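Presented below is the structure to which this report refers.
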Amino acid sequence: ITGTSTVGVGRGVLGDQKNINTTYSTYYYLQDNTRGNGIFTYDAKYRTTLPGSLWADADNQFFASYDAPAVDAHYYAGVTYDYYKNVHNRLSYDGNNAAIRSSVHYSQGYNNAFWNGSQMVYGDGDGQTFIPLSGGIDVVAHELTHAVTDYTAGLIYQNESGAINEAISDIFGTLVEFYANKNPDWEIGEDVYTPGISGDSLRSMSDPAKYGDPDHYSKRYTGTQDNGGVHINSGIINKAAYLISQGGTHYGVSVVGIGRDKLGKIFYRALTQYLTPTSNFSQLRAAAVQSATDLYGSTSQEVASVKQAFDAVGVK
Ligand SMILES: [Ca+2]
Ligand SMILES: [Ca+2]
Ligand SMILES: [Ca+2]
Ligand SMILES: [Ca+2]
Ligand SMILES: [Zn+2]
């Protein structure tokens, strides 16, 4: 909508207070004009018609319980935008400042979130398995990163290309969590997963097997569920990325870590320069080797560590 940019205040899913960029025109709208062509947050009103109605609020204060998922979806979309712009010089998910749109209160008791080809969508959870999923910054960045992937490498969402697609969203969801630097970890979804159970998460990059996901290519899932295991075999790439960043010895293979920034630079370059819709795990390894070479040199520690990491998870 046309109006004047304003700054509201509210509370997110976890009860924390934050300021949000809004737009005033009779009502205050969850419309952030400070980033690209705007960040827009919508109310799906517990239904499945998308996007729903642009979030309107009478007084620019968002402290109601119903407001909280909208506050976080809006705010964390902006953090994710800031990450891609400041760290990778990428303007929104299409590289040309496309509007970022999110709907919250999707359906009833919906234990998931997703990118639907055009926007982000967040359930409220059922209160047992999940609380409203936009409360997790890694979840929000995970979903927006799907939009980045769809505009760049375009990895098909099945089998190994789909597992790379998932891992890329876990990797950058995690790097965005670290970028904002609020209780960062190498776990996925811990902030919104199982409120009654401390210290768990949906997946682990540091130890995928903690939740049954493979941490080596020999353990890869080869059936047809989960579009051929895209959320399962992502553990193999997630472990590799974790090793590149943090180092470790995994099934006897030692990796010298090179830190998060260089992980992000290598995998962003791989994603945007070398990966294709049909890339498989071995092609990811080559893309990441070439990216590290471009950035740091064929004889660098960085290239050597990329190689050790993929060796450690059995990707040749
Ligand atoms: Ca209000
Ligand atoms: Ca965390
Ligand atoms: Ca996390
Ligand atoms: Ca939990
Ligand atoms: Zn995903």
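Atom set for the values below is all heavy atoms of this structure, side chains included, hydrogens, waters and symmetry mates excluded. Numbering of residues begins at 1 and proceeds along the displayed sequence.
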(request) Fit a plane to each ring of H88 and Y84, take the angle between them on a 0 to 90° scale, and name the class: parallel (under 30°), tilted (30 to 60°) or perpendicular (over 60°). (result) tilted
(message) How about OH on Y81, more than 12 heavy atoms from neighbouring residues, nucleotides or ligands closer than 6.0 Å, or not?
(response) yes
(request) Indicate, with yes or no, if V79 and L144 share a hydrophobic cluster defined by side-chain heavy-atom contacts under 4.5 Å among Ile, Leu, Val, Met, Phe, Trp and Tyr. (result) yes
(request) Determine whether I266 and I258 make a side-chain contact, defined as any pair of heavy atoms from C-beta on separated by less than 4.5 Å. (result) yes
(request) Would you check if the side chain of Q31 reaches a backbone N or O of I1 as a donor-acceptor pair within less than 3.5 Å? (result) yes
(message) Using a 6.0 Å distance limit plus a 45 degree cone around the ring axis, check whether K262 lies over the aromatic ring of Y296.
(response) yes
(message) If we ignore hydrogens and angles and just use 3.5 Å, is the side chain of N159 paired with the main-chain N or O of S161 as donor and acceptor?
(response) no
(message) Pairing donors with acceptors under 3.5 angstrom, does anything connect the side chains of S298 and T293?
(response) no
(message) Quick one, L14 and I131 - any side-chain contact, counting heavy atoms below 4.5 Å?
(response) yes
(message) Distance alone, cut at 3.5 Å: any donor-acceptor contact between the side chains of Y106 and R47?
(response) no
(request) Verify, without hydrogens or angle tests, whether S134 (side chain) and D72 (backbone) share a donor-acceptor contact under 3.5 angstrom. (result) no
(message) So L30 and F40, do their side chains get closer than 4.5 Å, heavy atoms only?
(response) no
(message) Under the side-chain contact (heavy atoms from CB on, under 4.5 Å) test against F130, which residue among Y193, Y110, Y122 passes?
(response) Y193
(message) Would the distance check show the side chain of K239 and the main-chain N or O of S206 forming a donor-acceptor pair, the cut-off being under 3.5 Å?
(response) yes
(message) Can you confirm whether the side chains of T34 and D32 place a donor and an acceptor under 3.5 Å from each other?
(response) yes
(request) Could you tell me whether a side-chain N or O of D94 sits under 3.5 Å from a main-chain N or O of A98, the two making a donor and an acceptor? (result) yes
(request) With side chain to side chain contact (heavy atoms under 4.5 Å, CB included) as the test, would you mind laying out the steps for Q128 and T194 before giving the verdict? (result) CA-CA 6 Å; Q128 291 272 116; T194 57; over 6 Å; no
(message) Would the distance check show the side chain of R11 and the main-chain N or O of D16 forming a donor-acceptor pair, the cut-off being under 3.5 Å?
(response) no
(request) Apply side chain to side chain contact (heavy atoms under 4.5 Å, CB included) to the pair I20 and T22, showing each step before the final yes or no. (result) CA-CA 6 Å; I20 42 174; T22 59; 4.3 Å; yes
(request) Assess the side chains of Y76 and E143: does a donor N or O sit below 3.5 Å from an acceptor N or O? (result) no
(message) Centroid separation under 6.0 Å, is that true for the rings of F310 and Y217?
(response) no
(message) Can you confirm whether more than 12 heavy atoms, excluding those of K18, are under 6.0 Å from its NZ atom?
(response) yes
(message) With a 4.5 Å cut-off on side-chain heavy atoms, are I236 and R220 touching?
(response) yes
(request) Treating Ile, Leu, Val, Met, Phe, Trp and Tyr as nodes and any side-chain heavy-atom pair under 4.5 angstrom as an edge, say whether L271 and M205 lie in one connected cluster. (result) yes
(request) Mind checking the CD1-CD1 spacing from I39 to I100? Nearest 0.5 Å is all I need. (result) 4.5 Å
(request) Measure from the side-chain N and O atoms of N227 to the backbone N and O of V230, and report whether any donor-acceptor pair falls under 3.5 Å. (result) no
(message) Between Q119 and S103, is there a side-chain donor-acceptor contact under 3.5 Å, judged purely by atom types and distance?
(response) yes
(message) So, using side chain to side chain donor-acceptor pair (under 3.5 Å) as the criterion, who are the partners of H142 when residues are at least two apart?
(response) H146, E166, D170
(request) Give a yes or no on whether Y75 and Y29 share a hydrophobic cluster (residues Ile, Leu, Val, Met, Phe, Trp, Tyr; joining criterion: side-chain heavy atoms under 4.5 Å apart). (result) no
(message) Give me the atom names and distance for the closest heavy-atom approach of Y274 to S291.
(response) CD1-OG, 3.4 Å
(message) Whether the side chain of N165 engages the backbone of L155 through a donor-acceptor N/O pair (distance < 3.5 Å, no angle test) should be reported.
(response) yes
(request) Assess whether side chain to side chain contact (heavy atoms under 4.5 Å, CB included) is satisfied between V255 and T249, documenting all intermediate values. (result) CA-CA 6 Å; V255 186; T249 302; over 6 Å; no
(request) Drop me the distance from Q290's CD to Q283's CD, to the nearest 0.5 angstrom. (result) 14.0 Å
(message) Would you say CZ of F114 has more than 12 non-hydrogen atoms from neighbouring residues, nucleotides or ligands within 6.0 angstrom?
(response) yes
(request) Classify the side-chain pair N33/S5 by whether it contains a donor and acceptor separated by less than 3.5 Å. (result) yes
(request) Look up atom OH in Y242 and atom CG in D215, then write down how far apart they are to the nearest 0.5 Å. (result) 12.5 Å
(message) Same cluster or not: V253 versus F281, using hydrophobic residues (I, L, V, M, F, W, Y) connected whenever any side-chain heavy atoms lie under 4.5 Å apart?
(response) no
(request) Only counting residues at least two apart or in another chain, list the ones meeting ring-ring contact (aromatic ring centres under 6.0 Å, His included) with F63. (result) none
(message) Would you say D57 and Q61 are linked by a side-chain donor-acceptor pair, where the criterion is simply a distance under 3.5 Å?
(response) no
(message) Check for me, please, whether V87 and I244 land in the same ILVMFWY cluster - side-chain distances under 4.5 Å, paths through other members count.
(response) yes
(request) Could you grab the distance from atom CG of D138 to atom CD1 of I171, nearest 0.5 Å is fine? (result) 13.5 Å
(request) Output yes when a side-chain donor or acceptor of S245 lies under 3.5 Å from a complementary backbone atom of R260, and no otherwise. (result) yes
(request) Step through the shown structure and confirm whether more than 12 heavy atoms of other residues, nucleotides or ligands are within 6.0 Å of CG on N89. (result) no
(request) Could you check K85 against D82 for side chain to side chain contact (heavy atoms under 4.5 Å, CB included), going step by step and ending with a plain yes or no? (result) CA-CA 5 Å; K85 179 170 183 294; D82 291 350; 5.8 Å; no
(message) Would you say that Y93 contacts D150 through its side chain, given a criterion of any heavy-atom pair below 4.5 Å between the two side chains?
(response) no
(message) Can you classify the ring geometry of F172 versus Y83 as parallel (below 30°), tilted (30 to 60°) or perpendicular (above 60°)?
(response) tilted
(message) I'd like to know if the side chain of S169 pairs up with that of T145 as donor and acceptor (distance under 3.5 Å, no hydrogens or angles considered).
(response) no
(request) Would you kindly say whether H105 and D43 are connected by a side-chain donor-acceptor distance under 3.5 Å? (result) no
(message) Checking the side chain of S201 only, and the main-chain atoms of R203 only, is there a donor and an acceptor separated by less than 3.5 Å?
(response) yes
(message) Just so I know, are the side chains of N238 and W186 near enough to count as touching, which here means a heavy-atom distance under 4.5 Å?
(response) no
(request) Step through the shown structure and confirm whether more than 12 heavy atoms of other residues, nucleotides or ligands are within 6.0 Å of CD on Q17. (result) yes
(request) Mind running salt bridge (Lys or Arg N to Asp or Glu O under 4.0 Å) on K182 and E177 for me, showing each step along the way? (result) CA-CA 7 Å; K182 201 165 72 172; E177 183 173 301; over 6 Å; no
(request) Return the minimal non-hydrogen interatomic distance between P132 and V192, and the atom names on each side. (result) O-CG1, 3.4 Å
(request) State, with a plain yes or no, whether a side-chain heavy atom of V303 is found less than 4.5 Å away from one of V306. (result) no
(message) Would you say the ring centers of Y157 and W115 fall short of 6.0 Å from each other?
(response) no
(request) Please name the pair of heavy atoms, one in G127 and one in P195, separated by the smallest distance, quoted to 0.1 Å. (result) O-CG, 3.4 Å
(request) Kindly indicate whether the side chain of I237, heavy atoms from C-beta on, has any atom under 4.5 Å from the side chain of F267. (result) yes
(request) Decide whether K45 and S53 meet the rule of one side-chain donor and one side-chain acceptor closer than 3.5 Å. (result) yes
(message) Looking at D311 and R285, is any side-chain nitrogen of the basic one under 4.0 Å from a carboxylate oxygen of the acidic one?
(response) yes
